[PDB]
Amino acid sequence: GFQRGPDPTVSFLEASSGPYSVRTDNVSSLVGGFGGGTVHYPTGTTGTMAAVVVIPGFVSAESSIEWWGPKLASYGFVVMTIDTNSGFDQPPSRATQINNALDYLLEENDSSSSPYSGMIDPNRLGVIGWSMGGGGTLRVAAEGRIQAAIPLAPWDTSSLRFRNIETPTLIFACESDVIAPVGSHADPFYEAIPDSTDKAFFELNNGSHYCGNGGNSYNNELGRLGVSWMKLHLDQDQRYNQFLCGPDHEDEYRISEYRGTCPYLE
């Protein structure tokens, strides 16, 4: 089907990058209506691949989610990281931002002249979203548009909107998060999602609010689990199930808590 790349291994997933060289396309904030960002897309590939929007969502961010761009794109995804300081803020605006970003990728995908023209399978959209962008991600997951959601230290005001999420959703919770404390955000958000949904809750041990952003102490977990999430759900690549369903995740030092609804794709 949509499988791409070799049979995965942990080292393959935890390597600083995936196999593909990644080219980038800078998106000015003046186009797309999502604050600008960077499209990351692999070279050397053929066929279409899933597209992932990676959105920040912490206005006073000292750093952002850009690690996800090259990291995820290098495994065979078109991955657009959205810039910070976009004028977007609260989770509802972040959902709008995500939708605008997804529109933009699809629009560029549909262009004959985009450097990644035709590279995106519009049916296979993922969103990784941090903080209020994680709330936005959960909101877009609830809107039914996307095929995989990875809220990173999500912040939102209510879990009720998430009670019917059917989108495969991996929430990276950050154990020590004081911005979006897990007990008030990532945890109840995760628990709001039906147990019928393919979902995972990975609380990263001692994680600050930034713990899911990558380029940090959690690269292994974020890469191994997050890339697997996208592979499994966006590519229907069952070869990545082994990293998500099977392992005793909490045995990992870096994973303070795991919840999930394995098996997936039943």
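Just count from 1 along the sequence shown to find any residue number.
Student: Higher average CA B factor in the deposited record is what I'm after, so tell me if that's 24 to 32 or 199 to 207.
Tutor: Looking at the record's C-alpha B-factors, the answer is 24 to 32.
Student: What stretch has the higher average Cα B-factor here, 66 to 74 or 43 to 51?
Tutor: Looking at the recorded C-alpha B-factors, 43 to 51 comes out higher on average.
Student: Maximum C-alpha temperature factor per the entry, among 84, 100, 109, 147, belongs to which one?
Tutor: Highest C-alpha B-factor among the listed options: 84.
Student: If you rank every modelled residue in this chain by C-alpha B factor, which third holds residue 228: lowest, middle or highest?
Tutor: Answer is lowest: the recorded C-alpha B-factor places it there.
Student: Using the B-factor values recorded in the entry, state whether the Cα atom of residue 92 falls in the lowest, middle or highest third among the modelled residues of its chain.
Tutor: CA B-factor rank for residue 92: highest third.
Student: Please place residue 60 in the lowest, middle or highest third of its chain according to the CA B-factor in the PDB entry.
Tutor: Highest third.
Student: Consider only the C-alpha atoms of the modelled residues in this chain, order them by B-factor as the entry records it, and name the third containing residue 236: lowest, middle or highest.
Tutor: Highest third of the chain for residue 236's C-alpha B-factor.
Student: Sort the modelled residues of this chain by their C-alpha B factor and say whether residue 120 lands in the lowest, middle or highest third.
Tutor: CA B-factor rank for residue 120: middle third.
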